[PDB]
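Using the deposited numbering, the letters of the sequence shown correspond one by one to residues 21 to 62, 71 to 229. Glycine included, every Cβ here is placed at the ideal spot set by N, Cα and C. Notes follow once the structure below has been shown.
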Amino acid sequence: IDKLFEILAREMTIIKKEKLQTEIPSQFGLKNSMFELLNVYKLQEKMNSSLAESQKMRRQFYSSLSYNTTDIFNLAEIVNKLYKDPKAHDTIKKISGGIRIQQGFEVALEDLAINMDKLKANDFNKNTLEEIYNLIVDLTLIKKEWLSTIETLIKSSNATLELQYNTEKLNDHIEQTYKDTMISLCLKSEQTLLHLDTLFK
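Right, here's the structure in full:
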């Protein structure tokens, strides 16, 4: 149960730091790429608008990559190459479940702190407190894996002049090597929440 507190203090501060960061107006290369492709709803604008709910939704993508601006630049570079080719627009969709992932992590954590008082009770089931911590970690872990994957991608997508140049193949590369991984990671994230969300109630 202290691990849980260590966790909350640890990630919830890391996010304070992340929120203070200002976006650069350019939205990191991604204004007219990822954030024009995608349409945030409720009740609908593009993800690049002034509209509040989207500016939050841009942060969450940045925070997915722990706001390492270099990575976000280096991913834009790639996304920008993929956005010329409709054939590879679905790859661009998979790359932005980093957002969905993150939202759930903020939400799980928002509730953790809330419900933290209830599972403090010496009375609360120890064989379920365990279930919860396990999920909690798994969330925090997926997060890691994701950033990990994004970087790894960035390395192999610029490993050869041909993979910097030919979009047809760049995308193949990514579909081949990472799309599944980004799919499943996006799923694991839902479903851990949903399970967790149950557990809180």
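Residues of its chain near residue i, where Cβ-Cβ distance is below 7 angstroms and the 5 sequence neighbours each way are ignored
i, result
"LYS122", "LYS207, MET210 and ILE211"
"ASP99", "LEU93, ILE178, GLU179 and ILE182"
"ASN186", "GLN192"
"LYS112", "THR195"
"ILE170", "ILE129, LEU213, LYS216 and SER217"
"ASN108", "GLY49 and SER53"
"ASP145", "none"
"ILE120", "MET54, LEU57, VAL107, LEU110 and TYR111"
Closest Cα partner of residue i within the set the options
i, options, result
"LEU221", "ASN143, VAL135, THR156 and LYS146", "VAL135"
"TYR95", "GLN41, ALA29, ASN155 and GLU190", "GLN41"
"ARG86", "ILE44, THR119 and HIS117", "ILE44"
"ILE106", "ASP22, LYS62, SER53 and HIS223", "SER53"
"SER217", "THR97, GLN131, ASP118 and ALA80", "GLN131"
"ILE21", "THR188, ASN155, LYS197 and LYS39", "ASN155"
"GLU38", "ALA80, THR97, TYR61 and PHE25", "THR97"
"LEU163", "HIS223, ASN76 and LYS115", "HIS223"
"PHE101", "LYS36, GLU81 and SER46", "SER46"
"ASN59", "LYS36, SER124 and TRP174", "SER124"
Own chain, CB closer than 6 angstroms to residue i, minus 5 neighbours either side, in chain order
i, result
"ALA104", "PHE48, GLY49 and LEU50"
"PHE89", "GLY126 and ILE127"
"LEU147", "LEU157"
"residue 66", "Coordinates for residue 66 are lacking, as the chain steps from 62 to 71 with nothing built in between."
"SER91", "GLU38 and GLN130"
Residue range of the unbroken alpha helix (DSSP H) whose run includes residue i
i, result
"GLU73", "Element bounds for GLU73: not the alpha helix (DSSP H) but the beta strand (DSSP E), 72-74."
"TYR161", "154-185"
"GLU26", "22-40"
"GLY49", "From DSSP, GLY49 is part of no alpha helix (DSSP H); its letter is neither H nor E."
"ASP113", "Where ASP113 is concerned, there is no enclosing alpha helix (DSSP H), given that its DSSP letter is neither H nor E."
"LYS146", "Run containing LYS146: none; DSSP gives neither H nor E here."
"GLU190", "189-193"
Close Cβ partners of residue i (< 8 angstroms) along its chain, the five nearest in sequence each way excluded
i, result
"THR168", "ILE27, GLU31 and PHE133"
"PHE152", "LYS146"
N- and C-terminal bounds of the beta strand (DSSP E) containing residue i
i, result
"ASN59", "59-61"
Cβ separation of residue i and residue j, assumed to be a contact under 8 angstroms, to the nearest whole Å
i, j, result
"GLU159", "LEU227", "6 angstroms"
At least three beta-carbon pairs within less than 8 angstroms, the stretch 193-204 to the stretch 72-80: No, the stretch 193-204 does not touch the stretch 72-80.
Stretch-stretch touch, CB-based, cutoff 8 angstroms, three pairs: the stretch 130-148 with the stretch 24-36: With the rule of 3 Cβ pairs closer than 8 angstroms, the stretch 130-148 counts as touching the stretch 24-36.
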